[PDB]
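Structural overview
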Amino acid sequence: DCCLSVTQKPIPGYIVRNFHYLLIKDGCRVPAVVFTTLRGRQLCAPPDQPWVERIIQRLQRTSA
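Residues numbered from 1 in each chain as written, not as in the entry; some residues may be left out. Heavy atoms only, no water. Residues with missing side-chain atoms left out of burial classes, pairs and counts.

Deposited coordinates in this entry are attributed by the record to X-ray crystallography, at a stated resolution of 2.5000 Å.

**Here's the deal with the state of the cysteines**
Applying the stated criterion across every chain yields a total of two disulfides. With its sulfur 2.0 Å from that of its partner, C3 forms a disulfide with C44. Residues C3 and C44 are joined by a disulfide whose S-S torsion is about -85°; by sign, that bridge is left-handed. Remark: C44 occurs in strand β3 (residues 42-45) and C3 occurs in the segment before β1 (16-22); sequence separation between them is 41 residues. Judged by its relative accessible area of 4%, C44 is buried. (Disulfide = S-S within 2.5 Å. Helix = DSSP H or I, 4+ residues; strand = E, 2+ residues; numbered from the N terminus. Buried < 20%, exposed > 50% of the residue type's maximum accessible area, 1.4 Å probe, protein only.)

**Concerning the UniProt feature "disulfide bond" in the protein**
Of the disulfides listed in UniProt, the one linking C2 with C28 is reproduced by the coordinates, which place the two sulfurs 2.0 Å apart. One end of the pair, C2, is in the segment before β1; the other, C28, is in the loop between β1 and β2 (32-37), and 26 residues separate them in sequence. For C28, a relative accessible area of 5% translates into the label buried. Measuring from sulfur to sulfur, the annotated disulfide partners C3 and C44 are 2.0 Å apart, close enough to count as bonded by the 2.5 Å criterion. (UniProt positions renumbered as here; feature names shortened; annotations may be inferred.)

**So, the nonpolar core**
Counting residues in hydrophobic clusters, the biggest one holds eleven residues: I11, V16, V33, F35, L43, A45, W51, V52, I55, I56 and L59. The element that contributes the greatest number of residues to this core is helix α1 (residues 50-61), accounting for five residues. Of all hydrophobic cores here, the second largest spans six residues; its members include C3, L22, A32 and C44. (Core = buried A, V, L, I, M, F, W, Y, C linked by side-chain atoms within 4.5 Å.)

If you want it as structure tokens, here you go:
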């Protein structure tokens, strides 16, 4: 179990430092998108929610 708790509800973009994708083999039951907050809190998010794609598309434009 790699996710203490998936969030149902949208996280504000401005809170998110970055994302990483974790697989079964990473020690997860199901694959998970992990958002790391500015404070360093891991928030697992549902890969199928448009609000998750939506944050990742900003981390992509503002990226590096």
